[PDB]
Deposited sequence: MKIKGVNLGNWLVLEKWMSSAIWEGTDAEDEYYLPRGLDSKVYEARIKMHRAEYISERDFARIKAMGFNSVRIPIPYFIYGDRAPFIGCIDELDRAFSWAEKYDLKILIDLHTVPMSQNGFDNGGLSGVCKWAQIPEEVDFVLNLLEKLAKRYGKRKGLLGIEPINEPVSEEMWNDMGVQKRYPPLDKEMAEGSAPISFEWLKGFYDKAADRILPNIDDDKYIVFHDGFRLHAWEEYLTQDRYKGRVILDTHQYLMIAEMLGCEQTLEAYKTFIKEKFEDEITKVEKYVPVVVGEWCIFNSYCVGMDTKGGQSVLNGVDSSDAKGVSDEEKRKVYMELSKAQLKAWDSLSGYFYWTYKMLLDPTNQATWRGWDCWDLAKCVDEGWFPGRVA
């Protein structure tokens, strides 16, 4: 297994900072309140134009042409069209499969947002609220959703696997990042009583999730489990007999961590950090379970310095993490595509390196990975 992939972020699951247009004329900071700021047929007009244009068949041609073999698609919990006022998108996921299959790529369905949130991040669609795991109606809703998805796509040539939930927040991650001030909740009584997800609760959910997914995918498809911000906690759970051959662990590893643990801002300092804290640490896990780094990027504060030297540094950092990732089972860049305007929004300069495809064109990332 050498999974080489990109994420299709901001496509079916919005993240505000990556495109401004759909948000204009509203005060909404996340997916949940966007329809609450717009006439319903304005909201449907923007949503349908966005999904139509942001990802289309030409982008799967590009991804294959750059050397990747997989894509990871964050999808929302409302994807079947059954949770108003949000708009379903099963058709977009159907066609993405048809495009993956044409270009001999495979798709990891990543269930990225759940009713009432599993992290409280704006990424999760509802800022400052984190109550999905406390509501057994919505946990069961998600379990039915993964079952319908497994039965829909489980035999498709283009299915790599299914990730039952992205980034379920842990007790340490919840208190350390002060989630509910970073992402302020708009409805303060909706927010109160949010709680993080304990490891033992997550393991039970994964049990139930495997009950719905594994019976319904074919024997060569995978279930992909996020590490719940507990990279090293999964050896006992993932080496059970029912999982042998059938599971990948997903860990999200962001280079920007290095400067907040005080890496000197040199190339060689950064690549010692990549070798020692990324490669040397994550391969311990790969000893007993396949690990894909399903979110990483090349963002870094040194590059935020001439244009040429920032090109040199990005390229080295890209190549440095790609060599780290070759001793694992694979990676998915975050992300394929953004609609950032660093030319005219000066504060976003240094942030367009989250757009994988633009990196390739700027000479920040190798043109081919295979």
- Note on the structure: Deposited-sequence ranges lacking CA coordinates, in order, are 305-325
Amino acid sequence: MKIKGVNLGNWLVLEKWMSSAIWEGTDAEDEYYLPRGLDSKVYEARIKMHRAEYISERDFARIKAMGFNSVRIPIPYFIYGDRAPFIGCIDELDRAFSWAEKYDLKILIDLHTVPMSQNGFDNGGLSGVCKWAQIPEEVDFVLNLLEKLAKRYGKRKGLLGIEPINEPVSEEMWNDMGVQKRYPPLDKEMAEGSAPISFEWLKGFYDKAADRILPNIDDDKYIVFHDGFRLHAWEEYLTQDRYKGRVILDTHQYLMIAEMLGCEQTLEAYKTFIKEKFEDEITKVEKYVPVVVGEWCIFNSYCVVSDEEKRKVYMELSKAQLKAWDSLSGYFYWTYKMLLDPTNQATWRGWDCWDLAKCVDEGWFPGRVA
From here on, numbers count along this sequence of modelled residues.
- Would 212-220 or 256-264 have the larger average of its C-alpha temperature factors, as given in the entry? 256-264
- Message: Mean Cα B factor from the PDB record: higher for 271-279, or higher for 164-172?
- Response: 271-279
- Message: Can you tell me which of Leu340, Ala52, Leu317, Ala45 has the maximum CA B-factor listed in the PDB entry?
- Response: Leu340
- Message: In terms of recorded Cα temperature factor, pick the maximum from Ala191, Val139, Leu111, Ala96.
- Response: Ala191
- Message: Can you tell me whether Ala100 has a C-alpha B-factor in the lowest, middle or highest third compared with the other modelled residues of the same chain?
- Response: lowest
- Task: Can you work out whether the C-alpha temperature factor of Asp355 puts it in the lowest, middle or highest third of the chain?
- Result: lowest
- Task: Grab the CA temperature factor for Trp325 from the record and place it in the lowest, middle or highest third of its chain.
- Result: middle
- Query: So where's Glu295 on the chain's Cα temperature factor ranking, which third?
  - Reply: lowest
- How does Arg58 rank on Cα B-factor within its chain, lowest, middle or highest third? lowest
